[PDB]
Amino acid sequence: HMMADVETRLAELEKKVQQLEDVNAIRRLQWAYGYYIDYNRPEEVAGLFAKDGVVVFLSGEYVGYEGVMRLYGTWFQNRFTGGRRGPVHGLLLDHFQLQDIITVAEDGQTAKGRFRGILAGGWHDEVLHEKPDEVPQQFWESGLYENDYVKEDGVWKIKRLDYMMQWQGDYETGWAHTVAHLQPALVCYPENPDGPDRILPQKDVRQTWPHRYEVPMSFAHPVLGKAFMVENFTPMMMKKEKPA
Amino acid sequence: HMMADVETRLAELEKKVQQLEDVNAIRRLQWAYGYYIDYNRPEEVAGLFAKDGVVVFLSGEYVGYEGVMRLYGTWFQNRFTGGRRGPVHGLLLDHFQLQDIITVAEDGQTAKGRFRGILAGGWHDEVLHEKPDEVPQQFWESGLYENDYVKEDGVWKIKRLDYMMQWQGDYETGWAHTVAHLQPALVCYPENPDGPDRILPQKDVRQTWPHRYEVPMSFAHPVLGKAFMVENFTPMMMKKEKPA
Amino acid sequence: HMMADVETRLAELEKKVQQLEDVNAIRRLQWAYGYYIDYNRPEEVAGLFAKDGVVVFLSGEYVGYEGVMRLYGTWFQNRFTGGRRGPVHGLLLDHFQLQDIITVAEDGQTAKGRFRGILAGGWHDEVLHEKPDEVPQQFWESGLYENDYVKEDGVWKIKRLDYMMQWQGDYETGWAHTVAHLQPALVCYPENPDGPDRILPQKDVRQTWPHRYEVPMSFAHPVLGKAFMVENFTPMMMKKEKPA
Ligand SMILES: COc1cc([C@@H](O)[C@@H](CO)c2ccc(O)c(OC)c2)ccc1O
Ligand SMILES: COc1cc([C@@H](O)[C@@H](CO)c2ccc(O)c(OC)c2)ccc1O
Ligand SMILES: COc1cc([C@@H](O)[C@@H](CO)c2ccc(O)c(OC)c2)ccc1O
């Protein structure tokens, strides 16, 4: 009667409040991830992952704690700090994280999120001698994430972090005059000590800047949903003979 | 009795949970908008608008789907990609979106939001020949939004997107040595194929960088509210004879 | 019976909804703060603080309204606009704010938040003659915040704003070739008209870029919590003889 109504209203509020909390907790993961990677702290990063978690970098999959520690630790921390937990003198690696769009599964057990970063990177002249030869002294970089999350034992965890670098620009010359200094993975671990456990299938492998490939949205069109159709709107614009 | 109390508490929670969901849904619109414009996808952008929606760009109003497709499509997509859905080889148009302050109307049917973007734009040397003559090869740009939202048939939609560009900086020279390459609208559609349906009244027309004009906050002072008065605090500072 | 269950469920929802609202209100403070400082509006900034609030800048504490007005007003507004409420012609001071991680106390009366800013700053050539001698014409800057919040009379307020600048880069040369043009505080107010009420204890004083110091996280590890231990993961990486 009145009590069936109260039960339905409570249950509905509990579900909605759960989803609002889930969104905050998933965003917190990605923002926390950012603050750890800025400090070259691979251990904190590995801890954010499910034990069967994966990170994807330059079309290569790194599997579990060991894989995450090999990417952020063996490769990145040696490259940027010589194997020190940061921050350290004269080394900038600020990955400004923003623009989260999170989609929680209806059952509350998994989620997707799109996010992005803009990286200001580099070695100050006082520590330039620590920089490896292949890398610009200072550069901008941007990338897109399309991540998967899993809820295990009440806790949101990274199930798949897929970082798809979009562009780099040497500070001095900019994105217009820079070719990426990173290329898609070619050699797996353990032949390549910095290498992935596996390379994505070729159809999924991405060439780097100035090459561009769409990263599909994990979110539906937020107004028209699955009913959105491109061809319903294209006829309203004019394609011109050349750019103006 | 006890049941009047339960009813009041449920109703109060339903209202607060509705407002929390409304804030997430309005932010999602603006973040989604960003990801679409970065890809030169005008169709997805037009779909975010109410059918009587308006976009304001350089002091010009573009009305409805047709107007939004003329701005993002006829003008922007031709300018940046030659009329291709992006992303495309060597063309960067990353509008990093952040700093949302959303104010939902008490009745839950409309809202305002302030947001901002920083744009990293440009043509890689490999596609520089596609760039129109008026536009720098690579540039930074920032702008402020003060938008209106409407809830129709249960869905948050853009009612007014008002993008007020604040500065541009050629990559090579920076904001200090750059004058905006865009000026306030002068000619409406259809005389100007890229033009607005109408130009704002003169009092509201904005000159561009290095000219600056306040964009009033859509939010009340979040601590003192309408009781905030500038003159209560100014006397505590010292104005100096010159900048130090 | 059924009514004890309904009471427990309501109370639990009221607590969770309160915390979700608290997070939005604390983020709103920091985003609002950003929009005010971009406009050189020290009065709005002072109003966000508790009356016993503190702002920390270059290892100096500025106490209460008077202190906040001396920093943002006496020092910053004179430096950037000659003592005018902004925005003004040719003066850019955009502090892009992002990456909030807020932790509300269990009792709902206090909170911590980590945030960050990237500042695009400078004088256009048309107003370069207004720039003080010590300051670059145009520069990037980034900083970290670890702030404290208090809830007083139902309203979230800034209890401690601790801005820890991390790097500056002259636009023309970048962070790699720039030394900070600001140094830790040396002289208190009123001997130094721009000075803090007190200088932090020496152990807490920070040298500026290219010097780097950790800013500890105010948040627990969001997956493993206090159980997180660095030494559980370090053995999985290889430290190399030199950076690669
Ligand atoms: C996988 O997670 C991320 C990875 C990146 C990298 O593309 C950055 C890492 O700083 C990188 C840039 C230049 C380099 O030479 C480099 O060497 C190995 C790595 C960025 C953000 C991420 O979330
Ligand atoms: C209306 O919505 C937006 C518009 C802008 C434009 O100011 C950008 C669009 O990329 C622009 C910059 C340089 C150009 O030459 C140009 O040519 C027409 C357009 C930015 C963000 C928005 O949300
Ligand atoms: C305390 O709050 C903030 C302070 C800063 C400053 O480091 C900026 C302020 O614009 C600054 C940069 C160059 C200067 O020469 C300068 O002169 C005094 C100040 C930045 C963000 C904040 O939240």
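The deposited coordinates, according to the entry record, derive from X-ray crystallography at 1.683 Å resolution.

A.B. asks: How do you make sense of the pattern of salt bridges when you look at a structure like this?
C.D. replies: This model, assessed by the stated rule, comprises 60 salt bridges over all chains. Measuring nitrogen to oxygen at the nearest pair gives 2.6 Å for the salt bridge that ties A:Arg198 to A:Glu61. Of the two residues, A:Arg198 is situated in strand β7 (residues 198–199) and A:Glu61 in strand β2 (residues 60–63); the sequence distance between them amounts to 137 residues. Looking at A:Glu61, the relative accessible area reads 9%, which means it is buried. Notably, a salt bridge pairs B:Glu12 with B:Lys15, separated by 3.3 Å at the nearest N-O pair. Residue B:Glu12 and its partner B:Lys15 are both found in helix α1 (residues 2–38); the two are separated by three residues, about one turn of the helix. Several salt bridges share partner residues, and in doing so they unite A:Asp5, A:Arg9, B:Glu7 and B:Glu14 into one network.

A.B. asks: I keep staring at the interface of chain A and chain B and nothing clicks. Help me out?
C.D. replies: Interface size, as often reported, equals the accessible area lost upon joining of the parts. If you look at the interface, chain A gives 60 residues, while chain B gives 72 residues. For the pair chain A and chain B, the summed buried area comes to about 5600 Å², and 63% of that belongs to carbon and sulfur atoms. The tally of links between chain A and chain B comes to six salt bridges. Among the ionic pairs, B:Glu7 bridges to A:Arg9, the shortest N-O distance being 3.1 Å. Across the contact surface, chain A and chain B share 34 residue pairs in polar contact. The residue makeup of the side of chain A that touches chain B, split by class, is 38 nonpolar, 11 polar and 11 charged.

A.B. asks: Help me understand the site of ligand 1 in this model?
C.D. replies: Residues and elements named next belong to chain A. As a structural note, the neighbourhood of ligand 1 is formed by 18 residues, with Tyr33, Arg79, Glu141, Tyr145 and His181 the closest of them. Within the side chain of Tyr33, an N or O atom sits 2.6 Å from an oxygen atom of ligand 1. One of the side-chain N or O atoms of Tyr72 is found 3.1 Å from an oxygen atom in ligand 1. Its free accessible area being 520 Å², ligand 1 has 99% of it covered by the protein chains. Going through the elements one at a time, α1 (2–38), α3 (64–81), β5 (138–152) and β6 (155–170) are the ones with two or more residues in the shell around ligand 1. In terms of residue count, the dominant contributor to the shell around ligand 1 is α3 (five residues). The residue makeup of the shell around ligand 1, split by class, is 13 nonpolar, three polar and two charged.

A.B. asks: Teacher, can you tell me more about the relation of the copies chain A and chain B here?
C.D. replies: Mapping chain A onto chain B calls for a rotation angle of 120° and an axial translation of 0.0 Å; the resulting RMSD is 0.0 Å. Accordingly, the operation relating the two chain copies is best matched by a three-fold axis.

A.B. asks: In this structure, what is going on with the environment of B:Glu191? I would like to understand it.
C.D. replies: Here B:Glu191 shows up in the loop between β6 (155–170) and β7 (198–199). You can call B:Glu191 exposed: its relative accessible area is 68%.

A.B. asks: How should the sheet that holds β2(A) be read in this particular structure?
C.D. replies: Two strands in a sheet stick together by hydrogen bonds in their backbones, pointing the same way (parallel) or opposite ways (antiparallel). On the basis of which strands lie adjacent, the open sheet formed by seven strands has the order β3-β4-β5-β6-β1-β2-β7 (chain A) and mixed pairing. The outermost strands of the open sheet, each flanked by one partner alone, are β3 (91–104) and β7 of chain A. Pairing of β2(A) with β7(A) involves two bridges; the strand directions are antiparallel. The partner of A:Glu61 across the bridge, within β7(A), is A:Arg198. Its contacts with the sheet place α1(A) against β3, β4 (110–123), β5 and β6 of chain A, and it is angled at close to 165° to β3(A). Across the sheet, α1(B) lies against β3, β4 and β5 of chain A, angled at about 115° from β3(A), the strand it touches most.

A.B. asks: Honestly, the site of ligand 2 in this entry has me stumped. Any pointers?
C.D. replies: Residues and elements named next belong to chain B. Within the structure, ligand 2 sits among 18 residues, and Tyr33, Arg79, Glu141, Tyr145 and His181 are positioned closest to it. One of the side-chain nitrogen or oxygen atoms of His181 is found 2.6 Å away from an oxygen atom of ligand 2. Calculation on ligand 2 without its partners gives an accessible area of 520 Å², and the protein chains cover 99% of this total. Among the elements that make up the shell around ligand 2, the one with the highest residue count is helix α3 (residues 64–81) (five residues). A per-class count over the shell around ligand 2 returns 13 nonpolar, three polar and two charged.

What counts and what doesn't
Residues numbered from 1 in each chain as written, not as in the entry; some residues may be left out. Chains lettered and ligands numbered in written order. Heavy atoms only, no water. Salt bridge = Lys/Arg side-chain N within 4 Å of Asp/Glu carboxyl O. Helix = DSSP H or I, 4+ residues; strand = E, 2+ residues; numbered from the N terminus. Buried < 20%, exposed > 50% of the residue type's maximum accessible area, 1.4 Å probe, protein only. Contact = heavy atoms within 4.5 Å. Buried area = accessible area lost by both parts, 1.4 Å probe. Polar contact = N/O pair within 3.5 Å; in protein donor to acceptor, adjacent residues only side chain to side chain. Nonpolar A, V, L, I, M, F, W, Y, C, P; charged D, E, K, R; others polar. Near = heavy atom within 4 Å. Areas by Shrake-Rupley, 256 points an atom, 1.4 Å probe, with all protein chains shown as cover. Least-squares fit on C-alpha atoms. Pairing = 2+ DSSP bridges. Axes fitted to C-alpha atoms, helices over the stretch in contact; angles between N-to-C directions.

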